[PDB]
Amino acid sequence: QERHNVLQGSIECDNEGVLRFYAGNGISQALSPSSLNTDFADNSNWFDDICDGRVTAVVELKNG
Amino acid sequence: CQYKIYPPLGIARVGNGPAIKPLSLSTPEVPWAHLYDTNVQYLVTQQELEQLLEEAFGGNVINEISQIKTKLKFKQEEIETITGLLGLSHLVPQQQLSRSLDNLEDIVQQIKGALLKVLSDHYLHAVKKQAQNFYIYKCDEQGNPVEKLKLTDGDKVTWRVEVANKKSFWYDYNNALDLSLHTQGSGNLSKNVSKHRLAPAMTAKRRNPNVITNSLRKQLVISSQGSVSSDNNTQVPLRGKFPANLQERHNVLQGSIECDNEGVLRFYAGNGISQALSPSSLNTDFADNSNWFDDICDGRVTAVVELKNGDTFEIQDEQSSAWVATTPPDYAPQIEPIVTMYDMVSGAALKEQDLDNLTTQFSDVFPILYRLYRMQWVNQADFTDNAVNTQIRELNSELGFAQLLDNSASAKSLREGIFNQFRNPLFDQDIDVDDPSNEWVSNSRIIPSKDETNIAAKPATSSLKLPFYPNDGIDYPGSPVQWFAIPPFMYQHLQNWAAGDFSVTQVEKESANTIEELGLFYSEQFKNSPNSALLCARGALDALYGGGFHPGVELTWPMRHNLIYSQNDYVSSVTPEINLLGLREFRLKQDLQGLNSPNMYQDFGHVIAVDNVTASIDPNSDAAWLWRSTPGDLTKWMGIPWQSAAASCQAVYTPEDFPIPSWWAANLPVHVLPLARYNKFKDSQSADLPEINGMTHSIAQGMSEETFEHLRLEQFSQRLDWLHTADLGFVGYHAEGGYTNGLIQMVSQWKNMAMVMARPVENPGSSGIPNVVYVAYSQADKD
Amino acid sequence: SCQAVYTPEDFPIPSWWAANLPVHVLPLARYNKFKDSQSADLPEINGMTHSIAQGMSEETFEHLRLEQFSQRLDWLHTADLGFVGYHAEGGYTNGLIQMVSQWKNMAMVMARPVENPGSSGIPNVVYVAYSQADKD
Amino acid sequence: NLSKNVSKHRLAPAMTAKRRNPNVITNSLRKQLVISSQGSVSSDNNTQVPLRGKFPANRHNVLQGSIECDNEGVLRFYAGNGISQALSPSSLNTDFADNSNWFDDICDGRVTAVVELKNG
Amino acid sequence: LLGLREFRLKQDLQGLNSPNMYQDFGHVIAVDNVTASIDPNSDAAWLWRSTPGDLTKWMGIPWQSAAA
Ligand SMILES: [Mg+2]
Ligand SMILES: [Mg+2]
């Protein structure tokens, strides 16, 4: 099974504690080049780099 | 003349098997050497991979391992050590061997099975590469190759190969331009075709027409080169780029070369990878798809011999150097095309008006009958709808094939009855002349265009002649050139045979009671013929197609003209008494500057037309470069990518169901006998197996012997469309199938198509099944 | 659309409703190449000349009969359903479209006799598909 | 109308062209592909006369036009109704120029007259 | 205002009954046929001597697809 790397996003935090979340590069692809995405919504053999999920954090103060 | 390379035109076929000797094939060096060899393995087998894996072991490997079992899941330099020891990274990427042992936990068997699985995933059932061996022969007899070069201590040979692909740079293939070329006629093409306008040559536009100016169109040409010497057997890749040089670029492996210590060059074609520059560019045309590249190539092979005493011999002139072309796989290597590319070389040297001087032996006519008979394994019409093949079975059944070798009057009607069924390449029979402006219209069965007209067809008044294959003139309904004829010089042999104007030896007669007995006899004549250099020259081309050319399979119509050869001479019969169509010394015309020729990127502007071919005939002309090949010139005409041309090289259905016309079935089969059926007729009723011919032992042995043998022949008779031996777009609920999905899917599925291999039937009993059958292996068709 | 549904595995080929819309049939052209016995006194016997049919061994003659009997043709190929001609597309959808006019030209299966099957293994009653395309 | 440069410098080479409706073979059978009609009208009668052919010729009636003459001798020529059709509904005209199995009611042809004065 | 001209087509005076009503050049037409047509004595000169149907036969069939 050939696998494809999918960049779903990138995250970074500055020194003030602000999280910045970047989406992917807009890369969508099928597992075979001959699989064309001819339907508006439902194309088998395709993936894209859209995603969604859970954002949590832990705050740690100097006093422990 | 000192040394020469053989063959003069070598052939290597693409395949996804590895470029290593144990798992590859070699282009035939002796014609007919293996026609009944039931041990052939044209796909990589489990046993071959297991053997490769065993040899990769120890080496100290086993106790280099054993030392680490004690010392403990592994670490990376931990197994970085125990790869590299194996010597497998030239077969599978080193990455994937790493994580294959990552997933692990007798440890020298957890190791093997994990490695065998990687090798099997990559190579099990893969289409083996057919590599060409090239040899240096020493000369005098003045120009005759006496013996292969034998290197002594201090002697060295260096080989040089320069190849290119110009398919994406060249013109659309619409039809063969030589169909309108004014000629006196050759051994390969009657003057009637051009003289009576039977199949006019069309104009053709450029492929990839949006790339303008010659300078930018150079990017459409893929090229590479390399050298190897008898002083190092490391294999060298021939790797180019497409587009060539923010341009996204693809590496293209055009082939690989290696030379052994004895000075033999072995040339491997590419992996069969074709691709477009954008995934959405589909290859929907049989021949002309813009934005596509493939890894086919062709080019110039030269060498230098350096002897111990300082002497140096350059093998670079066109009389002594060679050419190599790569091609689609041969999916039935033991099934020969009825007219081969070697036959085109032979016919190119003959003038049509001189064919009255041709001398004929029975061994000149036998190949036609034998090859047509063997088409039954790849084409339904030649199994069940070919009256000549059925008459041969009739003769074989009473041990009476030798009557065909009788040149006397009492056998004349027998010979004539067979000859009269063959299409005459004058293309002047079975026609009615409009305007005796005069158009020759066939009154036999035509092949309609897909562009239908709901007007009643004109009823055919003449029987369809043999063979039942389309031809160069397929575009023109009612042209006699819609259908294939054996070329003028081979038809002349058959005509002489029918007339009784042929010779044959008594020794041949004594081995001629069946067609197979005589074929075996003639195979022995090739095998013991002492001219190994010329046999190798012929063997390279006798498995390639010689018609029809639309564009063909491996090569196309420029090969049937003497203008493409710098030398083309008859040398001898295969045997002092037995012609077998003869042995010849031929050489391609070559541009000696190769990739550096100023004509490497020539064309004729917005279109190519037969007028350009007409202008090229004069060797002093501006256009003569067309015949003086630079790398890429032999294959540039062919379909781009080759896979959609292969998917288009199948059946062409007529309104009448039978016979089904087939293009090139000897090399791209059309109807095959699948492994699933072989497994249902190979066994005798007494076989010591719990399952016999797909039945329980008890059921197989309970039925009558007569019914048992009938079931065998029924299974033997089930022929499967070759296009259905892999998923070419017809698999699944409401799958569309159809012609165009075949073209598109063949780019990935070519490597999964059925491969035809001789197999034994140990005890056919009275079933009628021959002792050697030709069976098509694919994953879809295996049960 | 009521025909074969192909799987990745070649065999067996699944068929929807083959008793009423056949999927693989025995054409008239094949019937005419196995219905005769070798003793027939016709100028053509089972599609062979009298000379050839009677010259071959009786075992080979019966083998040829059974080979012909065994040749089954896709029922969708018994009329022009869009696959006929040079570069014809064929395929599923052309079949749907062309059946509107071609349903009346599809092969019709009818019981027919084999008077003397001999040792060939062919039954005395066979079911033969008649169409204009598959008659020859 | 056309510079010699176009041919001289091969700026746009003429292409070969195959026959439309190529499955109809022999000149005699291809005459069926031609639709033709004729008619006459006179100063004596302004009754309109249809120019009506058949396709294939010797099946569909093709009104190629209509002619009238008024009492002053003026000929009025009307064209057809703009009807184009294929011999089978399933034959779609997917090409800009070259669709087999299709006919239309376009035509062109020869216009002649005879003047008959009272003095003979 | 670009002038006024007297012009007339070449005509085959037999019209629908002309022996050249159903002429063609075989399996293809090509510029070679037009080249030969230039010579008024050629067997291709009929190209320029119109019989009914000769002006519109070149155009797209049917005209509606060509218009779209
Ligand atoms: Mg072959
Ligand atoms: Mg029923």
Side-chain angles (χ1 to χ4, degrees), chain B residues 199 432 434 439 441-460 470 473-479 482 652-656 661 739, chain C residues 79-90 94 97-102 104-105 132-133, chain D residues 17-36 53-62 64 83-107, chain E residues 21-29 53 56-66:
Chain B
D432 305 313
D434 272 346
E439 166 163 74
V441 190
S442 185
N443 55 40
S444 196
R445 190 177 288 173
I446 75 166
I447 302 182
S449 165
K450 69 172 178 64
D451 290 327
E452 71 305 309
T453 302
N454 296 128
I455 289 174
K458 186 179 172 103
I474 184 75
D475 301 282
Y476 300 115
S479 174
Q482 285 201 288
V652 187
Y653 295 99
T654 51
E656 301 82 10
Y739 170 86
Chain C
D80 181 0
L81 287 179
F83 63 88
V84 172
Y86 176 53
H87 286 179
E89 181 60 46
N94 278 319
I97 293 164
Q98 289 310 127
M99 191 66 76
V100 165
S101 59
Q102 293 310 303
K104 60 174 100 82
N105 300 320
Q132 287 307 280
Chain D
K18 297 181 293 191
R19 283 180 168 122
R20 295 162 174 164
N21 292 288
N23 296 337
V24 186
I25 66 174
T26 74
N27 185 251
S28 153
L29 292 170
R30 288 189 64 81
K31 299 176 177 169
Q32 303 171 265
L33 296 163
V34 174
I35 311 168
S36 60
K54 325 301 140 194
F55 184 91
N58 186 217
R59 184 131 30 191
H60 301 266
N61 285 299
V62 183
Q64 304 186 292
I83 293 154
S84 300
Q85 204 180 311
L87 294 184
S88 174
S90 77
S91 288
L92 292 201
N93 58 313
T94 51
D95 192 73
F96 82 109
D98 304 316
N99 299 287
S100 303
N101 217 22
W102 275 82
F103 62 95
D104 71 12
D105 55 0
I106 301 281
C107 69
Chain E
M21 180 69 186
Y22 303 103
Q23 213 57 261
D24 70 23
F25 295 104
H27 290 298
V28 307
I29 191 169
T56 51
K57 66 178 162 189
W58 305 89
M59 311 303 290
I61 174 60
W63 70 265
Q64 284 94 341
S65 324

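Residue numbering restarts at 1 for every chain, and letters A, B, ... go by the order of the sequence lines.
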State, with a plain yes or no, whether a side-chain heavy atom of [X] is found less than 4.5 Å away from one of [Y].
X      : Y      : result
E/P62  : D/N99  : yes
B/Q482 : B/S442 : no
C/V84  : B/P448 : yes
D/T26  : B/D432 : no
B/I455 : D/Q32  : yes

Among residues at least two apart in sequence or on other chains, which ones pass side chain to side chain contact (heavy atoms under 4.5 Å, CB included) with [X]?
X      : result
D/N61  : D/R52, D/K54
C/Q102 : C/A79, C/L81, C/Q98, C/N105
C/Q132 : C/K135
C/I97  : C/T93, C/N94, D/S90

If you measure from [atom1] on [X] to [atom2] on [Y], what distance do you get to the nearest 0.5 Å?
X      : Y      : atom1 : atom2 : value
B/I474 : B/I447 : CD1   : CD1   : 3.5 Å
D/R59  : D/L87  : CZ    : CG    : 10.5 Å
D/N23  : B/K450 : CG    : NZ    : 10.5 Å
E/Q64  : D/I83  : CD    : CD1   : 10.0 Å
B/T453 : D/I25  : OG1   : CD1   : 12.0 Å
E/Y22  : B/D434 : OH    : CG    : 14.0 Å

Taking the side chain from [X] and the backbone from [Y], do they hold a donor-acceptor pair closer than 3.5 Å?
X      : Y      : value
D/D104 : E/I61  : no
D/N21  : D/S100 : no
D/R20  : D/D98  : no

**Request:** Taking only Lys NZ, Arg NE, NH1 and NH2, and the carboxylate oxygens of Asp or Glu, determine whether B/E439 and D/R19 approach each other closer than 4.0 Å.
**Result:** yes
**Item:** ring-ring contact (aromatic ring centres under 6.0 Å, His included) involving B/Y653 - partner list, sequence neighbours excluded
**Value:** C/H77, C/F83
**Request:** With sequence neighbours left out, write down each residue that passes ring-ring contact (aromatic ring centres under 6.0 Å, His included) with D/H60, or none if nothing qualifies.
**Result:** D/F103
**Prompt:** Around atom NZ of D/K18, are there more than 12 heavy atoms of other residues, nucleotides or ligands at under 6.0 Å?
**Reply:** no
**Request:** Can you establish whether the number of heavy atoms outside D/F96 located under 6.0 Å from its atom CZ is more than 12?
**Result:** no
Taking all atoms of both residues into account, what is the closest heavy-atom pair of [X] and [Y], and its distance?
X      : Y      : answer
B/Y739 : C/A88  : CB-O, 3.5 Å
D/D95  : E/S65  : O-CB, 3.5 Å
B/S449 : B/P477 : N-CG, 3.9 Å
C/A133 : B/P655 : CB-O, 3.3 Å

**Prompt:** Given D/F55, which of D/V62, D/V34, D/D105 fulfils the side-chain contact (heavy atoms from CB on, under 4.5 Å) condition?
**Reply:** D/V62
**Message:** If we count only N and O atoms by modelled type, under 3.5 Å, do the side chains of D/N101 and D/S91 hold a donor and an acceptor together?
**Reply:** yes
